[PDB]
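1. build me a structure from this.
(chains A, B and C)
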Amino acid sequence: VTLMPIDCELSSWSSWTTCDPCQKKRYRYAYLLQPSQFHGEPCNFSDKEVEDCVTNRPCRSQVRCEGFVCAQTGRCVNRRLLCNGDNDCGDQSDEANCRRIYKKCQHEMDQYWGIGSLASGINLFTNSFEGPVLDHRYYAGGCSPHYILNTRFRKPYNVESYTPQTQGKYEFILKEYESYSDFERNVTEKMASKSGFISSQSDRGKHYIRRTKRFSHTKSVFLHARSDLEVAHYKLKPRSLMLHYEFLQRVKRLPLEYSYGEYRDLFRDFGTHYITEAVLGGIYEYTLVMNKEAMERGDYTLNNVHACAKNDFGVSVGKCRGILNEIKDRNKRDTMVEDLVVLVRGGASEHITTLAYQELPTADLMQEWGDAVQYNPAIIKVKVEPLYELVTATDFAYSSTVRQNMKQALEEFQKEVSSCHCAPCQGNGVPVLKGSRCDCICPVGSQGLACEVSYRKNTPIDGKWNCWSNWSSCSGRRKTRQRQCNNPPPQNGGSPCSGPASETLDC
Amino acid sequence: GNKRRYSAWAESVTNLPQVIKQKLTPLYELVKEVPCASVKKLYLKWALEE
Amino acid sequence: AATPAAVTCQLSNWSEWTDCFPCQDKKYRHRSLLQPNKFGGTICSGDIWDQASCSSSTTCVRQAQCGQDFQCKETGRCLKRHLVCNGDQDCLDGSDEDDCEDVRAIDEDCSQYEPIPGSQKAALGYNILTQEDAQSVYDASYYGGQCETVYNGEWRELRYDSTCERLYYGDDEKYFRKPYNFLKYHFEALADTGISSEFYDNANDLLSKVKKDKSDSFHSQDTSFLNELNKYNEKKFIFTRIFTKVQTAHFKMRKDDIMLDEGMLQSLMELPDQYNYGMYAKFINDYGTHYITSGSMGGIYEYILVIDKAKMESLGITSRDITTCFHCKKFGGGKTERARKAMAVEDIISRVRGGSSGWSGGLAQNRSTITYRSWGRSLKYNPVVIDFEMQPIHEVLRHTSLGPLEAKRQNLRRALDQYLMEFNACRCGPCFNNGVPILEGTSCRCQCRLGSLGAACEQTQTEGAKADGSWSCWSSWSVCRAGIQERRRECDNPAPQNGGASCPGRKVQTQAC
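-> Residues are numbered from 1 along each chain as shown, chains lettered A, B, ... in the order given. Next up is the structure itself:
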């Protein structure tokens, strides 16, 4: 068989770290050396392991809150947010026991549409939204008037702007090519000869015919359409951000000692990055490629030959001979190949699907899609900062150490989550590291667990990088890459991989 | 484009207009109301050229 | 092949009754499934687990055990005490919320938001052996006193008010409450479609002929010979394959402090610390081999069409005609042969996973913008899980609020490895013609695709088709004496047939002794 399932391999455990003087725990972990693929056996999920300890030493985690402490959550909130009329705590502990409530916003307020999604951190490497990292329901008072159309919105405290900067860009390109070639040839020869004169008669005849018909037809269509729609601009404040309870707790529990597996679990739960600016929008993309070819072939040959004699004196003698020979060879070949890809982001399932249909939309459903995108937009452009920039002394003790731990772990994570580790798919399939195992995402018209099935006899193989080599020594710290993981040339190879085929840096 | 499509757009831009013409003032002119405001203003002038 | 013979279902004797569990007053025992009725066959009358009443002759205290935290009477659910009188019953007895005349303990007015519709399926356990949902593993409704909410991006529903003249959108659906067990629930509209379509056709055609005539006179003779052939071939092949994948939300289950379902909680409290395969196999049967910790909610449409046709024809002739005169005489003699054959197969599969019976059927019938749009609308009200990551059920125990369960977890691992051996569809016989073997309860079936029929799908209606093989399962573990234990398996159930592919898995599997 061509395929063999590769089972998941994870490392021998780390050394234990030292026991956390407060968290009273020590940690061990393994790296994933090789993901499972092609239904290879998955690893044990326990690439993390934990042991309890005695409290060998105190730790100064008891970060002083001058504000009110939200009794159940431990969120520190300013006393001006007591009796605010708003759950600025998690648990209304700010609003209990209040003699009088000073409702600041009498008005009806909506939240910004999709604003909660932007509060959740992204795995940048996978572009995947993860757990919540920022609390976009904290308002710290607020109650400034913000409007979009006739609706009024309560801006979260964390948000500097969410503003309906509205724009749309459309692109249509269509390239139709036809060529056809036709070649008919005919050749005909005839000969006759006679003699006649006791009597004698002689005759010779010959006929030859050759005929050739060759025809080829080639047709090509490329159509691409793209719509980029933009419906708001979002910016997060640069300073004094209010973290989500779950993220807050999960950061608190981070061991002061560097133990990669816990920071990896942090990234797996919440990602590596958070969004500081984004453009909210919708995307529609349509790409149709068609090639049609015909060939017709015909060769025809005919021969006749005659030789015929009579001799007379009555009495007569004679010989006469005739041949006919005929050949026809004919072939037809006809092929069509068609690919369509349609991509849609933002909008509503009805308009999403009716745009996903294989035909170009009516401008009504484009209008309906763009209207729906306002209320359920996607993120078109993002600008992000790494999640460690949230670990701040106003929230966490030892914050510089936790931050530096994250800084290292983020490098180790970027290395470990890289899909370079997977074996290449066949059929130009893209291996995606998806947990501890790797799934070949196959272009349609290629199929199976490795994209091993296709009915197309040839398909360009695009280049794939191998994993970059380890850091070279100082005097020009360096890494290298080889385009080895899928060498492009096969099957009328596609483009080579991008550079940098080697990369070099300060020590 | 359809006359109705364009007219509906041109009406809707009444409620969601973008900025389409501007006259600009350097950002350093806004450095204000802060400690050392006058010094920071100069340094931000020098920053913008850089 | 003709059908295999039937086999009767067979079970072992009852194992010895488990000693009466004090809190249950129940005795348990199990059998082993020695054989499912692979084909035809008498089904076993009896279940492979049995329980009976008892008396323990000893009390148990466990109702008191947790009582530092608020422990309900009905259930083992033990709650952080701020959940008492919180305003939301957190265990099914409501004992946390009865007599709460100190109503000041309420946490928040959140009941204005319903739970996420269709969140309950993510709470269910999963049986890899059958791809069926089990009982609930996660609590689908426990909130832990949080009012954490998810924005429903599709909340816009038209309304009309004849008392005015306004067409406007209603807002009831605008937010859902997120159950505690979801770390993430994330509405997001994506679609992708891919279509591939291909045609190849060839027609190849040759004719060839000779006529040879010879005549002589001395009396006279004339002769003519002919040889001729026609040989025509045609191949037609069409393939098209459509995939459409709408995503409407993603979810992720919490990896920590998982609050197990009341039923799973009680059943896990009932299992012994001592290994007892009957008990743990019953647990795996009820709650499934696996539980889910990732999500996409959506709809999928898939369409495939293949057509293959061929025609072959040939004709041949050879002849002689003669005449002579000395009285004049005429003869002829020869042979001609002719053949024709024609073949067509057309196979289409369309399937919709999604949001209404009506338009799932309509889109399964007639792919069109009308059915695409109306099914997409139906996906608003009833999305279906389109992708999910899962892990073995025992990995849930590591993460529960119950703390450590090392011994029970190792027992459940061992039991799962046996359960995944004993109930594997390997024990359903050879499903021929690419039929799918299924094992359910103590019985077997083949699901036979339309080109196939009979108790093993053994009689394809055509003369035959290329059918790939499938493995029998792995044999027993070796009685290892070296440090290594070994298991063997072969691609013979059925073997690759009519040129079909080998099954692709491993022949040899190895374990530490």
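2. number of residues surrounding residue C:470?
-> Residue neighbour count, defined by other C-beta atoms under 10 Å in any protein chain shown, stands at 23 for residue C:470. In short, each C-beta sits where N, CA and C put it, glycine included.
3. how close does it get to residue C:420?
-> 17 Å (C-beta to C-beta, to the nearest Å).
4. ranges for the helices of the stretch 151-300 of chain C?
-> Using DSSP state H, counting those that start in this stretch, the helices found in the stretch 151-300 of chain C span residues C:262-270, C:277-287.
5. ok, residues contacting the first one?
-> Helix C:262-270 has contacts (C-beta atoms under 8 Å, 6 or more residues apart in numbering or on different chains) with C:21, C:23-24, C:62, C:74-77, C:91-92, C:135-137, C:139, C:260, C:279, C:283, C:286-287, C:397, C:402, C:405, C:408.
6. which ones among those are found in helices?
-> Counting by DSSP state H, the part of those found in helices is C:279, C:283, C:286, C:287, C:408.
7. identify the farthest-apart pair in those.
-> The distance between the two most remote of these (C-beta to C-beta) is 15.3 Å, for C:286 and C:408.
8. so which of those two has more stuff around it?
-> Neighbour count, other C-beta under 10 Å: between residue C:286 and residue C:408, residue C:408 has more, with 20 against 14.
9. the more buried one - nearest residue in space that isn't next to it in sequence?
-> Leaving out its chain neighbours, the residue that sits closest to residue C:408 by C-beta to C-beta, 6 or more residues apart in numbering or on different chains is residue C:271, at 6.0 Å.
10. how about residue B:42?
-> With C-beta to C-beta, 6+ apart, the residue lying closest to residue B:42 is residue B:28, at 7.8 Å.
11. list the contacts of the one you found.
-> Contact analysis of residue B:28 by C-beta under 8 Å, 6+ apart lists B:41, B:42, B:44, B:45, B:48.
12. neighbour count and secondary structure added to these, as TSV?
-> Putting the contacts of residue B:28 into TSV (neighbours: other C-beta atoms under 10 Å in any protein chain shown; DSSP: H, G, I helix; E, B strand; the rest coil) gives the following:
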residue	neighbour count	secondary structure
B:41	18	helix
B:42	12	helix
B:44	15	helix
B:45	15	helix
B:48	10	helix
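13. what's the closest of those residues to chain A?
-> Using C-beta to the nearest C-beta, residue B:44 comes nearest to chain A of the contacts of residue B:28, at 16.6 Å.
14. distance of that closest one from residue B:24?
-> From residue B:44 to residue B:24 the distance is 15 Å (C-beta to C-beta).
15. again, but for residue A:289
-> 46 Å.
16. these two - which one has more neighbours?
-> Higher neighbour count among residue A:289 and residue B:24: residue A:289, with 14 against 5, using other C-beta under 10 Å.
17. secondary structure class for the more buried one?
-> Classification of residue A:289 by DSSP: H, G, I helix; E, B strand; the rest coil places it in strand.
18. which strand or helix spans the residue nearest to it when sequence neighbours are not counted?
-> Once flanking residues are discounted, residue A:289 sits nearest to residue A:339: 4.7 Å by C-beta to C-beta, 6+ apart. Applying DSSP states H and E as the criterion places residue A:339 in strand A:316-345.
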